[PDB]
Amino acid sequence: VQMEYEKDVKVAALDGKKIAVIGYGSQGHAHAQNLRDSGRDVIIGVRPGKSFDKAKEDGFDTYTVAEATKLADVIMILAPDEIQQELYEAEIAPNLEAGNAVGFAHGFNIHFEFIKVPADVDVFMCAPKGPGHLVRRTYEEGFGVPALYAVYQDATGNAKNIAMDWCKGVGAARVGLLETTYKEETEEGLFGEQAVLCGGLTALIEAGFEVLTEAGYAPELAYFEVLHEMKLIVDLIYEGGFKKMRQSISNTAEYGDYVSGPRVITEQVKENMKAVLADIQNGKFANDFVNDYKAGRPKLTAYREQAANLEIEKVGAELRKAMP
């Protein structure tokens, strides 16, 4: 297992395919525009609204989801996670034909089988390691965003070449591709964002800010010491790992890192992470997410309002405004 590049995309499987991109938001605009600049035959299927208008004004032949699917050989579904299933059953599935291919940028609905694509139709994935605006901008500047690719079912024998050529067309093969499975992409992706990148990180910052402000330290200073200075730390890790970061910080900071990291993130925290992982693997989290959507997003509603009221967010907004 090592990374693949344009030279490893040995068949241009998107040649002569009509491509429908379903949705025209962050990913949809990026995938469609990069593919068009790479010379592919791209149309957009999306509901009426600002995405429909933005696609038309960008010069794309723009249809309903149903009509775009009917016209297409390759259909990439970039609606939001919780919308895809209902949109697939009503608008996409009736308009598929044998030998088509359906793509996704994240494996959630296919892996947990909220969507089942018929067995004479390929299912592939190109999952860029970045948001849509970055996927577009790096492409325009001559490189790209690395990506995973996978195939869930291969009816034609062309599903993997289609997946890799998709990655090449959106610029990902310029920087690096990694093959995976739908299962691993979904479970590792959900785990990483929950336990480390998004959940773990924000909860860690928040706990540190609370300890400081509850001990009597000024919150403005606390904002700088647990959040603002994180960017320079993570930039160093991104470029050169823990080694480069620990070379840059003072020796006191470095010694404190080694000594106090393990006091905060303990074996028990690791066990907490294992419980997070288990609820991803057993479908509990997936059902919880979709059930919250079916109920009108009541849990997400309370979470989003509670987050808006956080002291660190209020202090941070005022500081970021006082700082060009």
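In case it trips you up, residue 1 is the first one in the sequence shown, and so on.
Engineer: Going by the average Cα B-factor in the PDB entry, point out whether 202 to 210 or 134 to 142 comes out higher.
Structural biologist: Mean C-alpha B-factor is greater for 134 to 142.
Engineer: Tell me which stretch has the larger mean Cα B-factor in this entry, 77 to 85 or 185 to 193.
Structural biologist: For C-alpha atoms only, the mean B-factor is higher in 77 to 85.
Engineer: Of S26, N287, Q268, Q281, which one's C-alpha B factor is largest in the deposited record?
Structural biologist: In this record, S26 carries the highest C-alpha B-factor of the candidates.
Engineer: Please rank the C-alpha B-factors of the chain's modelled residues and tell me whether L35 sits in the lowest, middle or highest third.
Structural biologist: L35: CA B-factor falls in the middle third of its chain.
Engineer: Hey, what third does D154 fall into on Cα B-factor, ranked over its chain?
Structural biologist: Tercile = middle for this residue's CA B-factor.
Engineer: Within this chain's modelled residues, let me know which third the CA B factor of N109 belongs to: lowest, middle or highest.
Structural biologist: Lowest third - that is where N109 ends up once the chain's C-alpha B-factors are sorted.
Engineer: Looking at the entry's B-factor column for C-alpha atoms only, identify whether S51 ranks in the lowest, middle or highest third of its chain.
Structural biologist: According to the entry, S51 has a C-alpha B-factor in the chain's highest third.
Engineer: Would you please rank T64 by its C-alpha temperature factor against the other modelled residues of its chain and give the third it falls in: lowest, middle or highest?
Structural biologist: As the PDB entry reports it, the C-alpha B-factor of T64 lands in the highest third of its chain.
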